[PDB]
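Residue numbers (this note's numbering): 7 to 336.
Each remark here refers to the structure printed beneath this line.
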Amino acid sequence: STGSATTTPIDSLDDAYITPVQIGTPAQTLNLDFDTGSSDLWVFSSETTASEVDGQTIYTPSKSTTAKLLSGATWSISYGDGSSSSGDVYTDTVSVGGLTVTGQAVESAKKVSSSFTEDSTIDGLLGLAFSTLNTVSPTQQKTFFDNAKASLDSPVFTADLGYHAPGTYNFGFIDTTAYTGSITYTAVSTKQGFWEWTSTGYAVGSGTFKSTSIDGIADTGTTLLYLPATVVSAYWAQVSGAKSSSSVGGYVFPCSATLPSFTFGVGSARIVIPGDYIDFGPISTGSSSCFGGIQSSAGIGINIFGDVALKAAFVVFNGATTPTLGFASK
Numbered sequence: 007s008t009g010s011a012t013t014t015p016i017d018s019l020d021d022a023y024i025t026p027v028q029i030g031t032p033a034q035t036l037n038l039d040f041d042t043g044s045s046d047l048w049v050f051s052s053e054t055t056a057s058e059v060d061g062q063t064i065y066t067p068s069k070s071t072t073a074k075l076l077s078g079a080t081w082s083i084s085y086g087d088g089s090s091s092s093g094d095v096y097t098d099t100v101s102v103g104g105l106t107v108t109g110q111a112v113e114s115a116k117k118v119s120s121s122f123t124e125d126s127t128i129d130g131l132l133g134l135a136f137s138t139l140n141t142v143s144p145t146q147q148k149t150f151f152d153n154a155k156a157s158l159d160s161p162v163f164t165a166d167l168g169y170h171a172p173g174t175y176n177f178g179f180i181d182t183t184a185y186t187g188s189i190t191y192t193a194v195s196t197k198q199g200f201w202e203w204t205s206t207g208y209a210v211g212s213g214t215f216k217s218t219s220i221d222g223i224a225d226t227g228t229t230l231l232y233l234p235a236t237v238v239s240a241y242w243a244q245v246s247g248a249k250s251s252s253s254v255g256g257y258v259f260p261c262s263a264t265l266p267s268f269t270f271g272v273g274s275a276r277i278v279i280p281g282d283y284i285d286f287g288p289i290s291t292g293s294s295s296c297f298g299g300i301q302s303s304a305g306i307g308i309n310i311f312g313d314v315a316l317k318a319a320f321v322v323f324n325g326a327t328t329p330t331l332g333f334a335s336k
């Protein structure tokens, strides 16, 4: 089997992407944030504290003839941006882009933190990291990909995120029309539950490539590119007037700037992030200070190849017995 679904930016800045997901019988379609950095599929629901729902579409298990309470199971998750959610668990039928999994754990939110409430466009998350990170207790549950894997034509999914445009998540096949040149594959460590890999280095603009190992995670659920302070300083030093602002919480730059590109290494291959991808717009409405899309990972404890980086590539998440990651230009 295979599946193919379009993923759409939630706003003009590509702060995140939503993909429609069918849950239950008859189908209830919710727009979920596909997140290769976590492993819980959770949704706003009829059980969510009413004051914490503000415009999201909710899953109502009582209206689904295939929903079953997973007795005794609870879940609770916190994300890198400090947001969180928690609740109980149903199993139900879940389909993405024509690919159907029966008995998928659908984690129903009783509580969500303010940033989730305040984002009316995201109805929940669909985790695509390794199932060892799943938070369901006392019986850990499998991700949608993990459950679908054996049925897939090939045990892979691909992320093709757009810049200011829709893109595609495919399951079970590699669309050879969706990228240019070749896909370069690189080793993955699953030790921390992530799609963790090592970039071979970087360049800033038309500058020379610096060969250096940068361990990090491929994370579709993080907006920005978080890299070591040395790398980030070298990038922003090429933008007149750029500075790290503690009051804003990162690097900002004059909105009048033309940003240089940023290249990262995948083995001997190179992925080029155009400068425009690194612009996240005014820090507040009407400001001439703009927020940068490359930020320091110092104090995160890990480097994160978030959407800023991934959207410059066609990315293969290869879930073979020994997982790997592939990157192609597009």
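A virtual CB, placed ideally from N, CA and C, is assigned to each residue, including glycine.
* Could you spell out the range, first to last residue, of the beta strand (DSSP E) harbouring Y241? => Careful: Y241 lies outside any beta strand (DSSP E), inside the alpha helix (DSSP H) at 235-242.
* Distance, Cα to Cα, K116 vs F151? -> 25 Å
* Going by the beta-carbon positions, is the gap between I306 and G86 smaller than 9 Å? -> yes
* Mind the definition here: the region 149-165 touches the region 324-333 only if three or more C-beta pairs lie below 8 Å; say whether that holds. => yes
* Beta-carbon contacts of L36 that lie in its chain and below 7 Å, excluding the five residues immediately before and after -> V27, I29, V49, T63, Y65, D129, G130
* To do: From the DSSP output, in three-state form, read off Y65 for me.
  => strand
* Asked: Between the C-alpha atoms of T269 and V322, what's the straight-line distance to the nearest angstrom?
  -> 19 Å
* At what residue ranges does the region 254-331 contain a whole run of the beta strand (DSSP E), taking only runs of 3 or more? -> 256-260, 268-272, 275-279, 285-288, 295-298, 300-302, 309-311, 320-324
* **For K216, the three-state DSSP class (helix, strand or coil)** => In the structure shown, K216 sits in a strand (DSSP, three-state: E or B).
* Asked: What is the DSSP secondary structure of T226, reduced to helix, strand or coil?
  -> coil
* To do: Check each candidate in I180, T226, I279 and name the one with the smallest Cα separation from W201.
  => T226
* Taking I220 as the reference, give the member of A304, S205, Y232 with the closest Cα. => Among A304, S205, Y232, the Cα nearest to that of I220 is on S205.
* Asked: Counting pairs of beta carbons, one from the region 249-259 and one from the region 185-192, are three or more of them closer than 8 Å?
  -> no
* What span of residues does the beta strand (DSSP E) with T99 cover, start to end? -> 90-102
* Identify every residue that forms a DSSP beta bridge with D41. => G133
* Measure the alpha-carbon distance for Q146 versus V102 and round it to whole angstroms. => 22 Å
* Could you tell me which uninterrupted beta strand (DSSP E) segments, each at least 3 residues in length, are contained entirely in the region 106-159, listed from first to last along the chain? => 130-133
* In whole angstroms, what is the alpha-carbon distance linking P67 and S114? -> Cα to Cα, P67 sits roughly 9 Å from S114.
* To do: Examine the Cβ distances between the region 173-186 and the region 282-301 and report whether three or more of them are shorter than 8 Å.
  => Pairwise C-beta distances place the region 173-186 out of contact with the region 282-301, as fewer than three of them are shorter than 8 Å.
* Measure the CB-CB distance between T13 and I24 and report whether it falls below 9 Å. => yes
* To do: Would you identify the three-state DSSP class for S57, choosing helix, strand or coil?
  => Look at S57 here: in three-state DSSP terms it is helix.
* To do: Have a look at the DSSP bridge pairing and note the partners of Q34.
  => Bridge partners of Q34: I29.
* Give the DSSP bridge partners of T164, in chain order. => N176, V322
* Span of the beta strand (DSSP E) around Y191 -> 190-193
* Taking 8 Å as the threshold, find out whether the region 88-98 comes into contact with the region 67-76 through three or more Cβ pairs. => yes
* What's the C-alpha gap between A275 and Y169? -> 21 Å
* From the DSSP output, in three-state form, read off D221 for me. => strand
* Return the Cβ separation of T291 and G178 in integer angstroms, given the expectation that the two are a contact with Cβ distance under 8 Å. => So it is not a contact: roughly 43 Å between Cβ atoms.
* **Contact belief for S92 with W81 at Cβ below 8 Å, rounded distance in angstroms** => 6 Å
* Asked: Per DSSP, which one or two residues make a beta bridge with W81?
  -> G93
* To do: Would you give the residue range spanned by the beta strand (DSSP E) that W201 belongs to?
  => Boundaries cannot be given for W201, as no beta strand (DSSP E) includes it and DSSP labels it neither H nor E.
* Proximity winner among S70, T141, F136, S119, relative to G109 (alpha-carbon distances) -> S70
* Tell me whether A248 sits in a helix, a strand or coil according to DSSP, three-state version. => coil
* Asked: Is the beta carbon of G222 less than 9 Å from the beta carbon of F215?
  -> no
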